[PDB]
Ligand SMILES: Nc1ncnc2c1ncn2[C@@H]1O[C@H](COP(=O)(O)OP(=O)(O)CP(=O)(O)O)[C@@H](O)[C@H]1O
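One chain follows as structure tokens, the form solved without the ligand.
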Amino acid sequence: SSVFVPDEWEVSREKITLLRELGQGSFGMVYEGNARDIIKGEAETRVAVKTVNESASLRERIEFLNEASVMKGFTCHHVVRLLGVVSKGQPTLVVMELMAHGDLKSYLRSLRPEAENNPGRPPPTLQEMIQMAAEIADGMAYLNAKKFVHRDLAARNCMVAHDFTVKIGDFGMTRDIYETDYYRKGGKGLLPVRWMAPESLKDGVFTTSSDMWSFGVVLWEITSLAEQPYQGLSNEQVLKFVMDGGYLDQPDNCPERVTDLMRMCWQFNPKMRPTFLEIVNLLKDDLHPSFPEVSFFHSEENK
């Protein structure tokens, strides 16, 4: 059932130029490209362009476009957004905003003291960490408001803009440089075990509450510059540790307010964990002045 985006979201094919491949997405390759006159005030804009694999069935091709129509309804400064779609002709293209600094996991790793790709920037300050935290929690609040359960929130699944704003978004690369971030629990499916709440591991259920747990892990990744959670434990060990009530070690030289927030996320009982809106409420008093201008939290949409 092909459901198409509004006229405003259709992009003339001639306005998109694919430049190089960024990597694999759920339906196929993702490319970095240029889109002309796609954003007001900009003659050209760097974008990420998704396509469906040429081996995909018609059904999968239709599903690829229908998903873009869904993603079209996710409009929040703290969520990577759909800029447009070339639905007519082959191949169909879903144009997404390109985050200048890529995913958060790779960005954090580049900030390490001896990283070869170190931007010449210092690891995030307390202030920047709290800002990132509120942006992530805010985008997740928006998504949860849309009844979306991420199921794989992690720094690898967040992206960094040119001004360092962190947004919820990923192309669909479970298998990538981060394949090791997933494990076939019981020889079954690939699960992001080191990011999963104890109840998800034990019963396979995922909720916004399990998303909150993962959010705590993301905060932890910011503090550790994205080390592997429970790096000293094997996948099997992580399963037992976490199901037994274990959680990550409180980061060093980090305020009680922050570590406590992390501890709340890691509450064993999902019911005891904060909601994403509560997370933002908790950090709202010390954020960049633009925050109220763009957050779902301070929006008329937060109902």
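Heads up: residue numbers just count along the shown sequence, starting at 1.
Of the other structures of this protein that model both sides of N144, every one gives it coordinates; not a third omit it. For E179, the record comparison shows coordinates absent in at least a third of the other entries of this protein that model its neighbours. Legend: mean Cα B-factor per stretch from the PDB entry, 211-219 versus 89-97; the higher mean is in 89-97. The stretch with the higher mean CA B factor, choosing between 59-67 and 231-239, is 59-67. Considering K167, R112, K72, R151 together, the PDB entry gives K72 the largest C-alpha B factor. In this entry, the residue among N118, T125, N157, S106 with the greatest C-alpha B factor is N118. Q24 sits in the highest third of its chain by CA B factor, as recorded in the PDB entry. In this PDB entry, the Cα temperature factor of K147 sits in the top third of its chain's modelled residues, the highest group. In the deposited entry, the Cα temperature factor of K50 places it in the lowest third of its chain's modelled residues. When the modelled residues of the chain are ordered by their C-alpha B factor, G189 lands in the highest third. Remark: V80 belongs to the lowest third of its chain, ranked by C-alpha B-factor as recorded.
One more form of this protein, deposited with the ligand bound, exists but is not displayed; see below.
The site on the displayed chain is blocked: the ligand, placed by C-alpha superposition from its pose in the bound PDB entry, has three or more atoms within 2.4 Å of backbone or C-beta atoms.
The contact residue chosen from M96, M212, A133, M196 relative to the ligand in the bound PDB entry is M96, the criterion being a non-hydrogen atom within 4.5 angstroms. Only one of the listed residues (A35, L261, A48, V242) places a non-hydrogen atom within 4.5 angstroms of the ligand in the bound PDB entry, and that residue is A48. Interface residue remark: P122 is not counted as part of the site for the ligand in the bound PDB entry, having no heavy atom within 4.5 Å. Among residues of the shown chain, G246 is not one whose heavy atoms approach the ligand to within 4.5 Å in the bound PDB entry. The ligand is not drawn, but in the bound PDB entry it has a heavy atom within 4.5 Å of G102. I16 falls outside the set of residues with a heavy atom inside 4.5 Å of the ligand in the bound PDB entry. Stretch-level contact analysis of 272-280, 62-70, 231-239, 36-44 against the ligand in the bound PDB entry, using heavy atoms and a 4.5 Å limit, identifies 62-70.
Contacts of stretch 25-57 with the ligand in the bound PDB entry, defined by any heavy atom lying within 4.5 Å, are made by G25, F27, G28, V30, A48, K50, listed in sequence order.
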